[PDB]
Structures are given as structure tokens and as C-alpha cells.
Amino acid sequence: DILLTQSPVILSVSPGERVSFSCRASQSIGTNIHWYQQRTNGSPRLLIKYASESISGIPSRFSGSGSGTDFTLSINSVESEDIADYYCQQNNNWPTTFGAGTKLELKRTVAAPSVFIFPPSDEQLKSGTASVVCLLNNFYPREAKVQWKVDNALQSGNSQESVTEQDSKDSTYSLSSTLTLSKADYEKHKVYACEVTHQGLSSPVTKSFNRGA
Amino acid sequence: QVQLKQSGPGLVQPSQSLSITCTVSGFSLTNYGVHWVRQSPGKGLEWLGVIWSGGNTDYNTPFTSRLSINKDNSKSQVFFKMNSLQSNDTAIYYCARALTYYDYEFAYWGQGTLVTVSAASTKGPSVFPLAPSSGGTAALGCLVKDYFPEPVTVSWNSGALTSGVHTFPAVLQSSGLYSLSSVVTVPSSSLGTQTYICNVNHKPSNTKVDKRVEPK
Amino acid sequence: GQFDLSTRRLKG
């Protein structure tokens, strides 16, 4: 099979800048290469066919070049909505094969998160488990620290984090931190605190509630 | 316009067979071939095979013995079947159509079907409210907890509410069950006039829940 | 560098 090596693995640029993707083949494949875009929960979207030919409905900032073994997908001026993964495909030799993809990330100014805390619902408590959720909304850059304290006790190992992909419009992230306790444990304590550390904040932000009120 | 729509996602047991139906419209299976591609953690995008306008099939080499593709032209349906799955066959499977009848530039894709190869049992989620309690913007959400397998779909107010929605990637709990939350920020002044509902659908369990989310 | 089934995005 033709092996397709895409590079680099991650690309990071700012809107308006130009960006190029490399796709190199293990042997010559003429101009028989196609490019695809993939967003979150999406199917691949055909961008270019035969190295350089336009696709209907595809913005003109997308172009491609190359022949032989060395191919380039280019975006002459990047838009926030171009946040995605990009793949190449060869079909000079059977079977058609794909490369492993390059990730496109966007730079932007620092944005501090808006932090919210949610106690567990009385509905969940009926099951014998408490979930405490801490939301960090619309921040940049990705790196953030969430520290959980229950009655001033540092919590460790009993929380899980989930981060969205960059927003296609403002290029921010959002993050949820979920602290999971047994109901018995949750009822033995009072003060539940989520403390957030981020480059965009001049000192950490704490959101807390007292069980009950 | 041209469309391909696949059957729902779900569970296949170790060593058992996988079946997906691709229903097309906007063109005729008598004029175009339909391809199958999957996308997996270990191998990425992988081309599996094709059924051509006139009924012929090609299968990529590592699948010639466990793969079969058939179709019904009149019903515009293509049938994918693959035998003896192991866990590294867990992937998103797509049907796809090329631009020209004989070619491989894949301009049209199905929405995909996430296939989990597992001995475990299907389990629907419980849905819990993340109740609003800051510049007149309030945040509220739904906690979609303890389901298997992936995926679950979340939307707000039957699709009418999209702005400010963040639906987080599912995370796998030590119990082997998944969890995720979906949040949204709204004007606090609308908490007394607007209703906020997360529409939750977990197809592998046919669990489908609307959760109203209110200040508590 | 690995496809993530949850998100359909590359992750490491």
C-alpha cells in the first residue's frame, strides 16, 4: 500500500495568517491525491480533488498543489471556522489510502473563564450518588487548573474533566469539572468549593455553595 | 440533493457480526457505486470496499473473507455486513459516494455509525438537571449519566436553542459507564418566561428523555 | 495523533 505521511501533527496559527499542510507519499502517485476536512462529530468534507481542482461549495481560500510525492493543502487567510482536522487521500494505487491527519488550532488573545458551580440535584441524591459540577466557560488558552475542596479538604482522584474543541466563532474553550461522591459522604459535609486558576485571571476564582444554603 | 443516511449506532458482541444499512436519495444506486470507509483509533481512515452500479463488489485485502456488501436498487438501500468482530474493529463506519460513478473522490458521506465491540450490556442514561442559581447571564445544563455504549445526542428546546450551547465530550467512568454534561448560558431575565429542556436520546438503549431545567 | 471516537477529532 501507499503510505501517506502528513506533517506536522499539529498546526497553530492566528486568523488571517496563511497555513500549509504537507502530505508526502511513499512513492509517486502523480497528482492523484484528495484532501478532506473533519470537524467535531462530522463526516469528512471533500476540499480538493486531484491535488489542485476546486470542489463546489468550498471557499476559495482553500487550494492545493504538488505532484509526485510532495503535496500541499493551503489556506491563504485562516478563518476561525477552519478549526478542524485535515486528511489527504491517494488513489494512484489500489487500495485508496489516507494519511493520519494534521490538527489545525487557532491562536487568539487571552480570555479568562466565567466559572459556575452546580450542586447535585435532589433527583440524583435519590440514587445514592452526588455529582458536583464546575463549569469554566469560554476561555483561552486551554490550560486551566481546577481544585476541589470539601470542608477545606483538598480533593484528589475523585474528579474528571472534559474540554470542548475550540469554538468555531470565538476560538475559545469550555471545560467541565465533575466531582463524584457517595451520597453518605456528600451528606457528611457542608462547604463545596471549586477554585479555578487561569492565565487570564489575576488571582484564582472560587465558586462555592453550602449544602442546603 | 444527494444524501446518504445510515442506521443507528450500537453494540456488537465479540466474535459476532455487524450490520449497517445505508439509504440514499437524490441519485440512483443504478448509476453510482457506494463505498464503505471506517475510522478507528488504531488505523485512522480505512477504506473497506465498494458495491458498483451493476452489483459488483471489491473488498480491501484484509476484509475479503469477512465482508459482504449487497443492495436493493429499488429501495435505494445498501447493506454492509462484516463478520467476527474483535475490539479493534470498534470504529465509526461510513458509507460514501464519489463525484463520478467510477471514481474515489468522496464528495458525499453518511453521518457515520459508531460501533462498539463489547461483551457488556446496553444501559440507558439518567438525566439530571444542572439548575441555574453574573452580568445577567445564567448558566444551566443537563448531566447525562451512566450509559453505555456511546453515543448520546443532546439538543436544547427541540433544536431551537443552539447559541451558547456547549456539549462536553463523554468521559468513561471507572464503572465502565459513560457520562457527559451539556450546558448553555442564557439571559437570567428569561428564566421566568422561557422553558429550557434538554432533549436526550440514547439510541442503543432506546432511552429518550426530555428534562426540564429550572432554578431550584 | 489518535482518532477519538467520542469527538471524531484527532487527540494525541
# chains A, B, ... in the order shown; residues from 1 in each chain; ligands from 1
>>> interface_residues(of="chain A", to="chain C", cutoff="7 Å", atoms="only C-alpha atoms", output="PDB file with N, CA, C and O atoms, in the first residue's frame")
ATOM      1  N   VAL A   9       2.120  17.225  12.948  1.00  0.00           N
ATOM      2  CA  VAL A   9       0.943  16.609  13.551  1.00  0.00           C
ATOM      3  C   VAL A   9      -0.058  17.669  14.004  1.00  0.00           C
ATOM      4  O   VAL A   9      -1.274  17.496  13.846  1.00  0.00           O
ATOM      5  N   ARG A  39     -14.668  18.225  11.138  1.00  0.00           N
ATOM      6  CA  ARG A  39     -14.989  18.939  12.366  1.00  0.00           C
ATOM      7  C   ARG A  39     -15.572  17.983  13.404  1.00  0.00           C
ATOM      8  O   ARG A  39     -15.770  16.791  13.147  1.00  0.00           O
ATOM      9  N   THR A  40     -15.865  18.521  14.592  1.00  0.00           N
ATOM     10  CA  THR A  40     -16.314  17.682  15.703  1.00  0.00           C
ATOM     11  C   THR A  40     -17.645  17.025  15.376  1.00  0.00           C
ATOM     12  O   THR A  40     -18.606  17.698  14.989  1.00  0.00           O
ATOM     13  N   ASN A  41     -17.685  15.702  15.530  1.00  0.00           N
ATOM     14  CA  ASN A  41     -18.850  14.870  15.240  1.00  0.00           C
ATOM     15  C   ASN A  41     -19.261  14.900  13.771  1.00  0.00           C
ATOM     16  O   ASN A  41     -20.414  14.615  13.441  1.00  0.00           O
ATOM     17  N   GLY A  42     -18.343  15.221  12.863  1.00  0.00           N
ATOM     18  CA  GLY A  42     -18.666  15.337  11.462  1.00  0.00           C
ATOM     19  C   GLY A  42     -18.113  14.183  10.642  1.00  0.00           C
ATOM     20  O   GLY A  42     -17.306  13.373  11.093  1.00  0.00           O
ATOM     21  N   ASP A  85      -9.652  18.943  11.671  1.00  0.00           N
ATOM     22  CA  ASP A  85      -8.600  18.042  11.234  1.00  0.00           C
ATOM     23  C   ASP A  85      -8.615  17.931   9.710  1.00  0.00           C
ATOM     24  O   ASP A  85      -9.659  18.049   9.057  1.00  0.00           O
ATOM     25  N   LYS A 103      -3.866  18.367  12.754  1.00  0.00           N
ATOM     26  CA  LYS A 103      -4.782  19.205  13.511  1.00  0.00           C
ATOM     27  C   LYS A 103      -4.470  20.682  13.281  1.00  0.00           C
ATOM     28  O   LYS A 103      -3.310  21.094  13.288  1.00  0.00           O
TER      29      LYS A 103
END
>>> interface_residues(of="chain A", to="chain B", cutoff="9 Å", atoms="only C-alpha atoms", output="PDB file with C-alpha atoms, in the first residue's frame")
ATOM      1  CA  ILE A  33      -4.468  12.994  -4.149  1.00  0.00           C
ATOM      2  CA  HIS A  34      -7.621  14.332  -2.457  1.00  0.00           C
ATOM      3  CA  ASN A  41     -18.850  14.870  15.240  1.00  0.00           C
ATOM      4  CA  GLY A  42     -18.666  15.337  11.462  1.00  0.00           C
ATOM      5  CA  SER A  43     -18.007  13.245   8.437  1.00  0.00           C
ATOM      6  CA  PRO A  44     -15.058  14.112   6.179  1.00  0.00           C
ATOM      7  CA  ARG A  45     -15.736  17.044   3.866  1.00  0.00           C
ATOM      8  CA  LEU A  46     -14.056  16.889   0.442  1.00  0.00           C
ATOM      9  CA  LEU A  47     -11.952  20.038  -0.078  1.00  0.00           C
ATOM     10  CA  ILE A  48      -9.765  19.439  -3.132  1.00  0.00           C
ATOM     11  CA  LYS A  49      -9.522  16.658  -5.702  1.00  0.00           C
ATOM     12  CA  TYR A  50      -6.568  15.628  -7.870  1.00  0.00           C
ATOM     13  CA  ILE A  55     -14.842  21.489  -5.207  1.00  0.00           C
ATOM     14  CA  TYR A  87      -6.528  14.474   5.808  1.00  0.00           C
ATOM     15  CA  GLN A  89      -6.019  10.533   0.323  1.00  0.00           C
ATOM     16  CA  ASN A  91      -5.755   6.853  -5.360  1.00  0.00           C
ATOM     17  CA  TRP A  94      -5.117   0.298  -5.129  1.00  0.00           C
ATOM     18  CA  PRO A  95      -6.367   0.348  -2.463  1.00  0.00           C
ATOM     19  CA  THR A  96      -7.006   4.042  -1.832  1.00  0.00           C
ATOM     20  CA  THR A  97      -5.326   5.073   1.423  1.00  0.00           C
ATOM     21  CA  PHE A  98      -5.452   8.063   3.746  1.00  0.00           C
ATOM     22  CA  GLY A  99      -2.847   9.849   5.799  1.00  0.00           C
ATOM     23  CA  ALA A 100      -3.121  10.252   9.527  1.00  0.00           C
ATOM     24  CA  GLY A 101      -4.224  13.869   9.600  1.00  0.00           C
ATOM     25  CA  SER A 114     -16.566  32.515  33.540  1.00  0.00           C
ATOM     26  CA  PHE A 116     -20.123  28.392  37.605  1.00  0.00           C
ATOM     27  CA  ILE A 117     -20.739  25.669  40.189  1.00  0.00           C
ATOM     28  CA  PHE A 118     -23.727  23.317  40.324  1.00  0.00           C
ATOM     29  CA  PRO A 119     -24.714  21.305  43.429  1.00  0.00           C
ATOM     30  CA  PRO A 120     -26.143  17.828  42.854  1.00  0.00           C
ATOM     31  CA  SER A 121     -29.852  17.644  42.145  1.00  0.00           C
ATOM     32  CA  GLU A 123     -33.116  13.973  41.962  1.00  0.00           C
ATOM     33  CA  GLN A 124     -29.635  12.465  41.739  1.00  0.00           C
ATOM     34  CA  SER A 131     -22.255  14.837  41.307  1.00  0.00           C
ATOM     35  CA  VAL A 133     -20.126  20.125  38.516  1.00  0.00           C
ATOM     36  CA  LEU A 135     -18.031  24.895  34.587  1.00  0.00           C
ATOM     37  CA  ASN A 137     -16.886  28.888  30.156  1.00  0.00           C
ATOM     38  CA  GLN A 160     -12.975  14.108  35.964  1.00  0.00           C
ATOM     39  CA  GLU A 161     -12.520  16.890  33.406  1.00  0.00           C
ATOM     40  CA  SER A 162     -13.892  17.337  29.898  1.00  0.00           C
ATOM     41  CA  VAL A 163     -12.862  20.045  27.413  1.00  0.00           C
ATOM     42  CA  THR A 164     -14.630  21.078  24.222  1.00  0.00           C
ATOM     43  CA  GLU A 165     -12.868  21.717  20.949  1.00  0.00           C
ATOM     44  CA  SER A 174     -15.068  25.482  27.740  1.00  0.00           C
ATOM     45  CA  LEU A 175     -14.323  22.926  30.441  1.00  0.00           C
ATOM     46  CA  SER A 176     -16.443  20.931  32.877  1.00  0.00           C
TER      47      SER A 176
END
>>> select_by_dssp(residues="range 58-206 of chain B", states="helix (DSSP H, G or I)", output="JSON, numbers by chain")
{"B": [61, 62, 63, 87, 88, 89, 157, 158, 159, 188, 189, 190, 203, 204, 205]}
>>> write_last_selection(atoms="N, CA and C atoms", output="PDB file, in the first residue's frame")
ATOM      1  N   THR B  61      -8.075  -5.735   0.928  1.00  0.00           N
ATOM      2  CA  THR B  61      -7.464  -7.050   1.125  1.00  0.00           C
ATOM      3  C   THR B  61      -7.700  -7.682   2.497  1.00  0.00           C
ATOM      4  N   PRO B  62      -7.512  -6.990   3.628  1.00  0.00           N
ATOM      5  CA  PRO B  62      -7.709  -7.668   4.922  1.00  0.00           C
ATOM      6  C   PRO B  62      -9.159  -7.966   5.279  1.00  0.00           C
ATOM      7  N   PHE B  63     -10.092  -7.750   4.355  1.00  0.00           N
ATOM      8  CA  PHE B  63     -11.501  -7.952   4.646  1.00  0.00           C
ATOM      9  C   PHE B  63     -12.187  -8.851   3.635  1.00  0.00           C
ATOM     10  N   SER B  87     -12.271  -6.280  19.352  1.00  0.00           N
ATOM     11  CA  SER B  87     -12.429  -4.930  19.876  1.00  0.00           C
ATOM     12  C   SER B  87     -11.731  -3.889  19.011  1.00  0.00           C
ATOM     13  N   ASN B  88     -10.674  -4.257  18.301  1.00  0.00           N
ATOM     14  CA  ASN B  88     -10.031  -3.296  17.416  1.00  0.00           C
ATOM     15  C   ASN B  88     -10.827  -3.060  16.118  1.00  0.00           C
ATOM     16  N   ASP B  89     -12.043  -3.617  15.999  1.00  0.00           N
ATOM     17  CA  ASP B  89     -12.997  -3.265  14.953  1.00  0.00           C
ATOM     18  C   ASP B  89     -13.968  -2.191  15.410  1.00  0.00           C
ATOM     19  N   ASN B 157     -34.335  22.633  23.607  1.00  0.00           N
ATOM     20  CA  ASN B 157     -35.625  23.112  23.100  1.00  0.00           C
ATOM     21  C   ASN B 157     -35.872  22.639  21.670  1.00  0.00           C
ATOM     22  N   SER B 158     -35.765  21.321  21.494  1.00  0.00           N
ATOM     23  CA  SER B 158     -36.069  20.614  20.247  1.00  0.00           C
ATOM     24  C   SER B 158     -35.334  21.196  19.045  1.00  0.00           C
ATOM     25  N   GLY B 159     -34.138  21.734  19.267  1.00  0.00           N
ATOM     26  CA  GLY B 159     -33.338  22.311  18.208  1.00  0.00           C
ATOM     27  C   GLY B 159     -33.377  23.828  18.139  1.00  0.00           C
ATOM     28  N   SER B 188     -30.535  35.764  32.361  1.00  0.00           N
ATOM     29  CA  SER B 188     -31.255  35.403  33.576  1.00  0.00           C
ATOM     30  C   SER B 188     -32.676  35.941  33.553  1.00  0.00           C
ATOM     31  N   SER B 189     -32.913  37.071  32.874  1.00  0.00           N
ATOM     32  CA  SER B 189     -34.262  37.633  32.844  1.00  0.00           C
ATOM     33  C   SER B 189     -35.252  36.735  32.121  1.00  0.00           C
ATOM     34  N   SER B 190     -34.781  35.762  31.362  1.00  0.00           N
ATOM     35  CA  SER B 190     -35.696  34.883  30.653  1.00  0.00           C
ATOM     36  C   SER B 190     -35.993  33.598  31.416  1.00  0.00           C
ATOM     37  N   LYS B 203     -29.805   6.085  21.605  1.00  0.00           N
ATOM     38  CA  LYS B 203     -30.384   5.115  20.681  1.00  0.00           C
ATOM     39  C   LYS B 203     -30.090   3.657  21.013  1.00  0.00           C
ATOM     40  N   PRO B 204     -28.874   3.254  21.411  1.00  0.00           N
ATOM     41  CA  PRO B 204     -28.653   1.817  21.658  1.00  0.00           C
ATOM     42  C   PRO B 204     -29.551   1.245  22.742  1.00  0.00           C
ATOM     43  N   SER B 205     -30.049   2.073  23.657  1.00  0.00           N
ATOM     44  CA  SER B 205     -30.982   1.625  24.677  1.00  0.00           C
ATOM     45  C   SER B 205     -32.404   2.078  24.395  1.00  0.00           C
TER      46      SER B 205
END
>>> atom_distance(atom1="CA of residue 53 in chain B", atom2="CA of residue 75 in chain B")
14.1 Å
>>> residues_around(residues="residue 201 in chain A", least_positions_apart="3", cutoff="12 Å", atoms="only C-alpha atoms", output="list in words")
residues 110, 111, 112, 113, 114, 115, 139, 140, 141, 144, 145, 195, 196, 197, 198, 204, 205 and 206 of chain A
>>> select_by_dssp(residues="range 93-205 of chain A", states="strand (DSSP E)", output="PyMOL selection string")
chain A and resi 97-98+102-106+114-118+129-139+145-150+153-154+159-163+173-182+191-197+205
>>> residues_around(residues="range 16-21 of chain A", least_positions_apart="2", cutoff="12 Å", atoms="only C-alpha atoms", output="VMD selection string")
chain A and resid 5 to 14 23 to 24 35 to 37 61 to 66 70 to 82 85 to 88 99 101 to 108
>>> residues_around(residues="range 146-150 of chain A", least_positions_apart="2", cutoff="9 Å", atoms="only C-alpha atoms", output="list in words")
residues 134, 144, 152, 153, 154, 155, 156, 159, 161, 177, 179, 189, 190, 191, 192, 193, 194, 195, 196 and 197 of chain A
>>> write_last_selection(atoms="N, CA and C atoms", output="mmCIF file, in the first residue's frame")
data_model
loop_
_atom_site.group_PDB
_atom_site.id
_atom_site.type_symbol
_atom_site.label_atom_id
_atom_site.label_comp_id
_atom_site.auth_asym_id
_atom_site.auth_seq_id
_atom_site.Cartn_x
_atom_site.Cartn_y
_atom_site.Cartn_z
ATOM 1 N N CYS A 134 -18.436 21.764 38.044
ATOM 2 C CA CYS A 134 -17.847 23.084 37.937
ATOM 3 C C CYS A 134 -17.593 23.377 36.464
ATOM 4 N N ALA A 144 -5.782 25.087 32.206
ATOM 5 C CA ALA A 144 -6.536 25.553 33.364
ATOM 6 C C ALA A 144 -6.389 24.549 34.506
ATOM 7 N N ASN A 152 -12.680 22.390 53.421
ATOM 8 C CA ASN A 152 -11.248 22.686 53.401
ATOM 9 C C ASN A 152 -10.356 21.477 53.124
ATOM 10 N N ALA A 153 -10.902 20.293 52.854
ATOM 11 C CA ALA A 153 -10.073 19.152 52.479
ATOM 12 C C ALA A 153 -9.840 19.155 50.971
ATOM 13 N N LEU A 154 -8.568 19.150 50.567
ATOM 14 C CA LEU A 154 -8.238 19.019 49.152
ATOM 15 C C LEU A 154 -8.755 17.687 48.618
ATOM 16 N N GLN A 155 -9.451 17.724 47.487
ATOM 17 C CA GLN A 155 -9.945 16.501 46.868
ATOM 18 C C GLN A 155 -8.978 16.067 45.782
ATOM 19 N N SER A 156 -8.685 14.773 45.745
ATOM 20 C CA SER A 156 -7.749 14.271 44.757
ATOM 21 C C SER A 156 -8.197 12.909 44.269
ATOM 22 N N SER A 159 -12.329 13.427 40.714
ATOM 23 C CA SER A 159 -12.912 14.359 39.760
ATOM 24 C C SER A 159 -12.445 14.013 38.346
ATOM 25 N N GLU A 161 -12.428 15.689 34.216
ATOM 26 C CA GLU A 161 -12.520 16.890 33.406
ATOM 27 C C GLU A 161 -12.869 16.547 31.966
ATOM 28 N N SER A 177 -15.620 20.369 35.089
ATOM 29 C CA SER A 177 -15.002 19.528 36.112
ATOM 30 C C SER A 177 -16.092 18.930 36.995
ATOM 31 N N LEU A 179 -16.977 16.501 40.210
ATOM 32 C CA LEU A 179 -16.563 15.830 41.437
ATOM 33 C C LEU A 179 -17.650 14.850 41.859
ATOM 34 N N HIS A 189 -20.862 16.517 54.864
ATOM 35 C CA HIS A 189 -20.059 17.715 54.687
ATOM 36 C C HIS A 189 -20.937 18.875 54.238
ATOM 37 N N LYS A 190 -20.351 20.074 54.218
ATOM 38 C CA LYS A 190 -21.149 21.284 54.044
ATOM 39 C C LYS A 190 -20.666 22.196 52.912
ATOM 40 N N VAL A 191 -19.393 22.600 52.935
ATOM 41 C CA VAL A 191 -18.858 23.633 52.052
ATOM 42 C C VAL A 191 -18.168 22.958 50.869
ATOM 43 N N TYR A 192 -18.681 23.205 49.663
ATOM 44 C CA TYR A 192 -18.182 22.604 48.431
ATOM 45 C C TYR A 192 -17.644 23.712 47.540
ATOM 46 N N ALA A 193 -16.364 23.638 47.192
ATOM 47 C CA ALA A 193 -15.702 24.756 46.536
ATOM 48 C C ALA A 193 -14.911 24.283 45.329
ATOM 49 N N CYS A 194 -15.088 24.997 44.229
ATOM 50 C CA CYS A 194 -14.308 24.835 43.019
ATOM 51 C C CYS A 194 -13.446 26.085 42.871
ATOM 52 N N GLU A 195 -12.127 25.901 42.823
ATOM 53 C CA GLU A 195 -11.184 27.002 42.646
ATOM 54 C C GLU A 195 -10.478 26.876 41.302
ATOM 55 N N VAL A 196 -10.490 27.957 40.530
ATOM 56 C CA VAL A 196 -10.039 27.953 39.145
ATOM 57 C C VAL A 196 -8.817 28.845 39.022
ATOM 58 N N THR A 197 -7.764 28.313 38.418
ATOM 59 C CA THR A 197 -6.549 29.058 38.127
ATOM 60 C C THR A 197 -6.398 29.163 36.620
#
